[PDB]
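Alright, two takes on the same chain below, each alone as C-alpha cells: structure 1 and structure 2.
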Structure 1
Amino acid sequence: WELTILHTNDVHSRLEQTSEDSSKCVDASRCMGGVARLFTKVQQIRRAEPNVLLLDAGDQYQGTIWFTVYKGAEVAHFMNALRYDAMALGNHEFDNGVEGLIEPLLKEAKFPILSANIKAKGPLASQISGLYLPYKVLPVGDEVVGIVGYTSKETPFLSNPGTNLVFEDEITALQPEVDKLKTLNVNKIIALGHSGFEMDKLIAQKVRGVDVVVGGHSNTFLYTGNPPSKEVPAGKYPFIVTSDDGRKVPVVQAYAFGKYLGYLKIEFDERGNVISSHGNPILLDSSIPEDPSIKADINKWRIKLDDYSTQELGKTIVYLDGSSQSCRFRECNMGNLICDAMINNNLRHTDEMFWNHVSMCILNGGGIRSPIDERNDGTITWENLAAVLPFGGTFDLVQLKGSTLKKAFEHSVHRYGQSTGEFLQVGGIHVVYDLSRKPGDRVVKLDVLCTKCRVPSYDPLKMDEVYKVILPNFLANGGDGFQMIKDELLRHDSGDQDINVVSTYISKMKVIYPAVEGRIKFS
C-alpha cells in the first residue's frame, strides 16, 4: 500500500511568491513559492495519486507583514484553502501568546493541529482542551494513518507560550502516544513535529513504532541527486535513521519559506512496515503556474498590506545580505546596517547624556530574518524592513565588563557551523576568531572603538574595563544562551523600537551602502 506524504515547514508568512532568497518578489518571472503556486503542485499530485497526505511541520506564523496585519488569520484561511490534512505546532505559533494562537488559528483551522508534548495547566486547560491534540487518526483510502505531533522543548526560550503551558521532552511525551496508537491497531505512524533535524533523528531512533519523521525548525534542506537551487543539502532525502529495534526510519524536511514542497512516496506492507520510501523536495519555481483562484484571493487580502509598501523609506545601492548562510557564519552587511542604525539613532538623543557616546554594538545574527534585494531601483519599503525584523523588540543599552563581552564573543562561536543564531554581528568592534581552537578559547583578537579616549580607534579589549554597548533587548535579557550578559551587566536601559530605529536611520541617510569591512575575521 503506497502513501504520498507532501510536506511544508517554516513557511514563515511567505503567502506570496518570493525572490530566490525568499525576500519580496520583484521579478515575477523568476519568483518561487507562495500558497498559490503550492496549490497547483498539490492539485497535480492529488489528481495523479489516490493516497495523499499534505502536512505542515510548524512555523507558518511570523515572517512578513502578512502576519503583522492578519495575526494568524491568513494561516488558517490559506491552509484551509490548500486542504492541509494536519499541522504540528511550531515555536512561532506562540509569538502572539496563547490567545494569539487560540483565537485566529486553532478555532478557524479545519485540519487537526498536533502536539503531544505541550501540556496545559491552570484555567488555560479548560479553554484550550481539544483545540489541539497529541495525535490524530486519519482515514486514507481504505486504510488509516496515525499522526503524532511534537513541538520544540525550547519554545518558552524562543517565543511567548505563557506560564500555563509546560513543554515536555519530545521522546518522553511521544512514546506513550505511539504505544496507544499501536494498541488501537494503527500500524502506520507519522511523527510530524517542530524540533529540528537533530531531534528528528533522535525521534526516529528512540521512538519505537514511528514509521516516518516529518520535521522542521532547523530549516534543513535534504536532497538526493543534483540540487535545483542554491540550497546545499545537509544529507540525502529521505535521511535514513536505523532505529534501535533495527527498523530503517526515513526522516524528511523541506528547507523553509514555501520554496519547496517536500514529496515522499512510501511503500508499506499490510502490517504497516516500511518496505521502501523515495522522493525529493519539489522546487516550487515559476514553471509551475500560480493557481488563478488562490492568486485572486491573495490579491484581495493584499489590498490591506499595500499601505506599508506605499511608503518608501529610502534606497540601497547594495544587496542587503540578511541571509542565514552569511549572518550566522561570517560578517554580513545587513548586521552592519542594523548596528549603524542602532548606534546612530541613540547618538542623536541629545536628551540623555549617559549613553550619548555609545559606539559599540552586538546583534544576534538569528535576529536578522531576511535579506533585501536592490533591483527595485534601490527602493526600500516598510514591508522589506518588516521581514528583516519581525520580533518587534527594542534596542537596549547595557554596561558590561570586558570579561563579560569576551565571554559573549566565545559564546558567539562555541558551536559554530550549525546555522546557530547566536553568531554576533558587530559595530565599533573588530573581532578575530580561530575556529581550530577549543570552544571557549577561539577569540584570538578583540579590539573595540574606545570611549575613554579623545580620538577613537580600535584598541585591545581590557578584561576589567567597563564598556557601554547597544544590543537588542533579546540579548540584553539572556536570549540565545547569552546568560552572562543578563547575569553580569551593571546597567540596562530600554531603547527605541528596532524597526522604527532602522526605518528612521535609512530615511535620514536616504541612500545606504553597508559593506563587509573586516569587523569579523577568521585566523
Structure 2
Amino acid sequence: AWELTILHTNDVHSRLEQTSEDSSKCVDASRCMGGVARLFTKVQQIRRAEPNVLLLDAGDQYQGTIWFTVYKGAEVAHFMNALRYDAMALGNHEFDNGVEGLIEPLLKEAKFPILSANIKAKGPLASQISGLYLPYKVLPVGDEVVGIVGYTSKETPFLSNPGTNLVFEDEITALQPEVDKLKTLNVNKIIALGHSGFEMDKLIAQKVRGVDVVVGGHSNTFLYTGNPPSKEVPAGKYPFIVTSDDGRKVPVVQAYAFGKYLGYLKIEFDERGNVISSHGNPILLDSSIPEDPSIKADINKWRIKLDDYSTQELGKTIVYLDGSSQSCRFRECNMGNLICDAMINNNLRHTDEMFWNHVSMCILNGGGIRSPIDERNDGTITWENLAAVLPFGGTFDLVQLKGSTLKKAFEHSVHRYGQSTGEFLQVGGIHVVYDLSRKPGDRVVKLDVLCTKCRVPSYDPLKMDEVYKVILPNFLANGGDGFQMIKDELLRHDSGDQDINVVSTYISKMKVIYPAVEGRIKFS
C-alpha cells in the first residue's frame, strides 16, 4: 500500500502574517489564523507522521497586502524556501509586475521547481527565462517518483501583465503531450498542479489522460466533506471526484485562499500508479496550532520595514467596512459604497451654470475590492489597511457612455450571478434593481441615475440615447472582467488619480466614516 500525502495551499496572496478570520489584518491575536509560521508548524506535524509527503502551491502568492508592495516577491521566495515547498504552479498575478517582476524576485531565488507547461517564451526572452520554469518536474518521493505538471490560466494575458513575448496555450492541449512524455519515461503517478479555476480543473481531470490528481486554484474554491469548521461555505465534497473519459476516478482539490486552510489529501496507489482510494479535508489553521518560533522571528525581522505604513492614521471607521467577496460580489456592500463616494468626491470641479457637477455616477467591479477592514481596533485606518483593499495600484478614470452602453454593463453585471465572479458591480449615484428569474441580458428591471444637468441632484430613469459620464477603475475602461462593451463604445476616457490616494484623501477629509447599505442595488 503506497500512500501519498499531498499538502496544498493556493491564492495565499501575501498573507505571510497571521490574519483575522476575514483574512484582514490580525487585530486580536487570540483569534487570528493562517500565516506561514503556523503553516510550518502544521506541515511539520504531518511530515513526522507520514513518510511520503508533497507540499505544493497552485499559484497566486503575489499581491494582496503590504508584504508584497515592499518586498515585491522576495518575501514569497524566502518563506516558501523556509517552508521547503516541493513545487509551485504559476498563477496570473505572478505576472502583475511583468516578467522582470517574476524572474529576479522569485524565479532566480526559489530552491523548488516552478512549473507551467502551457507558457512558452519567444524572441529575446527564450534565453533569459530558459530553465527558470519547467513544464513538469519528476520529484523523488521515498523509493517512488511522482511527476508534477504545471498549467496557468489561458486568460492571463487579459488578467495581468505577462508581455507580448509569452504565449499562453490551451491548458488541455499543452498538458496532454507532457503527461504522455512522462508515461513513456515510466512515471505512473502524475499530479496536475495549476491555476485556471475549479471549472477548468474539472475539465483537465476529465480530458487529460494519465492525470491522477489535479490540485488547483484561482477561483478560491472551498471543498469540504462533512460539517465545515468556519464561515466559508463548501462548493462540494473534498476531493471532488471526476470520472475521466477513459474511466478513472480523478480527485480534484482546492483550499480556498488567504492561507486560512491547508489542503490535505491522502492517496492510496497500487504498484502501477493506479489510485485505489482518496480521502482528506482542508485543515483550518486556527490559534490552536502554535506558530513556529523560528519562522515567526524571521517574520518579525522582515516586519520592521512594514511598520512605516501603519505609523500614520488616516482616519477612523465605526462600522465594519465589509469588503469580503461573499458580499461585494453578490449584493450592495458598504465598502463598495465608500469607494464610489470617494471617486465622485474627487472629480468635483466648477463647470457650466447649467450643472452641479460634471460627473455624478460611479461603477466599481466588486472583485476589485480585495479585503475588508475591521473597526474593533479603535477603528483606525492606516495605509496598510488600505493597501489590502486596493493592492493593484490602478487609477480612477473619467469616462463617457451612452445610456444603452451602461444598460448593457448592468445586464453583464448579473449575467452569471451566483458564482462569486468579480464582475458584479458596486455603484454610486446609481439605483439598479435586478430580477434574476428573467433571462440573462433581460434582468435589469430598473435603472435610475443621478442627474448632472440640474440644480438639485435627483434620480431619473436611464435613457438609452443619452450620454453619461462615469468614474470607473482603469481596469474596467480597458474591457476588464469581460466588459468589452465599455472598452469599445466609450465616447471619452480621461485618466485620474491613484485608487489608493483617492480613498486615502477622502477618509481624512471626513475624519470618521460610517458608510451604510441604503438600497443602491435591490432584488425584485
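Only residues modelled in both forms are compared. Numbers given to residues start at 1 and step along the sequence of structure 1. Take the two forms, superpose them, and find the largest set of C-alpha atoms that agree within 1.5 Å; that set is the rigid core.
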Which residue, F329, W301, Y263, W355, is displaced 2 Å or more at the Cα between the two structures after superposing the core?
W355
Quick one: CA shift at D56 between the two structures, core fit, Å?
0.2
In sequence order, the stretches of at least 3 consecutive residues present in both forms and shifting by 2 Å or more at each Cα after core superposition between the two structures are 348-357
